Every structure is written in structure tokens, then in C-alpha cells.
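Written below as C-alpha cells is the structure these notes are about.
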Amino acid sequence: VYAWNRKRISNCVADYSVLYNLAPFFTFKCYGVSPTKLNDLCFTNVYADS
Amino acid sequence: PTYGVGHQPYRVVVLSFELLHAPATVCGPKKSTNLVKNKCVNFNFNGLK
Amino acid sequence: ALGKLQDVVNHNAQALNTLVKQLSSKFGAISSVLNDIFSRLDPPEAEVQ
């Protein structure tokens, strides 16, 4: 947690279905966008932290 | 595993975005089509519906 | 000499132009554009904003 990782995601097709429908992700809650509206919109400056 | 729930290690991932204020790179599975001129239509350029 | 009538004209133009400028006020919502709000929220959240 103190040394978390930051990752750049770019030039890729957005397919949240293959993550939303995956079993182990029991918590899918978003703040600025609806959980089911991801596939309908384009994105840039996309980052992920682990 | 002997510790009860709420103490187990939980992997957390967060996703950041900006919305429509920059040229988009990542797009969804939607399909494009040719534009039109001089006709009352509706358009979906990058998200600005 | 006859600025009394120009005052009426200017008052009308300003009053009718503040309305046009007013649409760019988010009024406590995420953004002042209807389409984005409806395209980035679940039915329930959208109604509130």
C-alpha cells in the first residue's frame, strides 16, 4: 500500500464486460460514471493502481 | 486465514479518467459510420452526443 | 442627445443576453450539458443531478 504501483493504459479498446462479468470482482462501484455506462463512451488519460 | 473477515488482504484497483476535455484514445466496442452534410441529423463524435 | 431610447435597447439586449450566458452555469451539478449527464450516470443518479 505504501509503495503502490501506477500503470498507463492507452491505445486499447474498452471492454469492461470481460471484467464486470468476471466472478471474483464482487464489488463494482464507481463514482463519476455509472457502472454499466463504461462501454458507451471513449476515454483517455486512463491509469490503474495496484 | 485465522483472522476473521475484515482482516483478510483485499486487492484494490482504481481507474482514473478525464471526460471529453481532451482527444480521447480508449474507445468502446462501438462502430463508426460515414458522415453526412446539410441534413438535420444527430451525431456521436467521440462521446458528444 | 437621444440616449434615452438607446438605454432601452441596451437594457433589452443585456437582459436577453444574460439568459444565453446563464446556460454555462453547472448549478451544483457535474456539468451543464444534458447529454453527458445522461450518458455517465445510472437512471437514479441522473434524475438527482
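Naming works like this for the C-alpha cells: A, B, ... for the chains as they're shown, residue 1 at the start of each chain, ligands 1 onward in shown order.
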Review point. Counting only C-alpha atoms, which residues from chain B have an atom at most 12 Å from any atom of chain A, and could you show them as a ChimeraX atom specification?
Key: /B:9-31,44-49
Output C-alpha atoms of each residue in that selection to a file, as a compact mmCIF listing (two decimals), in the first residue's frame.
```
# COMPACT_ATOMS: atom_id res chain seq x y z
CA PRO B 9 -5.91 -8.96 2.41
CA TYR B 10 -8.06 -7.30 -0.24
CA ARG B 11 -6.69 -6.32 -3.65
CA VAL B 12 -7.94 -2.87 -4.69
CA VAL B 13 -7.60 -1.28 -8.14
CA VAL B 14 -8.68 2.26 -9.05
CA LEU B 15 -9.21 3.68 -12.55
CA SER B 16 -8.76 7.36 -13.45
CA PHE B 17 -10.28 9.26 -16.37
CA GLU B 18 -10.87 12.72 -17.75
CA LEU B 19 -14.15 13.40 -19.52
CA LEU B 20 -14.37 14.91 -23.03
CA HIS B 21 -11.92 17.78 -22.35
CA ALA B 22 -9.12 16.14 -24.37
CA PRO B 23 -8.67 14.00 -27.52
CA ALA B 24 -9.81 10.52 -26.48
CA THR B 25 -7.64 7.44 -27.01
CA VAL B 26 -9.51 4.48 -25.47
CA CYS B 27 -12.92 3.87 -27.06
CA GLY B 28 -15.63 1.27 -26.63
CA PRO B 29 -16.80 -1.54 -28.91
CA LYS B 30 -18.97 0.86 -30.92
CA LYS B 31 -18.81 1.01 -34.72
CA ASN B 44 -21.85 10.88 -31.62
CA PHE B 45 -18.38 12.33 -32.20
CA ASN B 46 -16.16 10.70 -29.54
CA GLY B 47 -18.99 10.96 -26.99
CA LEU B 48 -20.52 14.40 -27.58
CA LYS B 49 -23.97 13.03 -28.42
```
Practice item. Would you kindly report the residues of chain C within 7 Å of chain A, using only C-alpha atoms, as a PyMOL selection string? Key: chain C and resi 39-42
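The coordinates place CA of residue 19 (chain A) at 29.5 Å from CA of residue 33 (chain C).
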Practice item. Please identify all polymer residues within 10 Å of residue 49 (chain C), counting only C-alpha atoms, omitting same-chain residues fewer than 4 positions from it, and present them as a ChimeraX atom specification. Key: /C:26-32,34,37-38,41,44-45
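Here the DSSP assignment of strand (DSSP E), based on backbone atoms, applies within chain B to residues 14, 15, 16, 17 and 18 of chain B.
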Please produce a file of the residues just selected, as a short mmCIF file (atom, residue, chain, number, x, y, z; two decimals), in the first residue's frame, where the atoms kept are N, CA and C atoms.
```cif
data_model
loop_
_atom_site.label_atom_id
_atom_site.label_comp_id
_atom_site.auth_asym_id
_atom_site.auth_seq_id
_atom_site.Cartn_x
_atom_site.Cartn_y
_atom_site.Cartn_z
N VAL B 14 -7.94 1.04 -8.77
CA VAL B 14 -8.68 2.26 -9.05
C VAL B 14 -8.34 2.73 -10.46
N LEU B 15 -9.35 3.24 -11.17
CA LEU B 15 -9.21 3.68 -12.55
C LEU B 15 -9.51 5.17 -12.65
N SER B 16 -8.62 5.91 -13.29
CA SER B 16 -8.76 7.36 -13.45
C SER B 16 -9.09 7.72 -14.89
N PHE B 17 -9.86 8.79 -15.05
CA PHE B 17 -10.28 9.26 -16.37
C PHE B 17 -10.42 10.77 -16.35
N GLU B 18 -10.35 11.37 -17.54
CA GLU B 18 -10.87 12.72 -17.75
C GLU B 18 -12.00 12.60 -18.77
#
```
Practice item. Pull the helix (DSSP H, G or I) assignments for chain A out of DSSP run on the backbone, and list those residues as number ranges by chain. Key: A: 17-20, 38-40
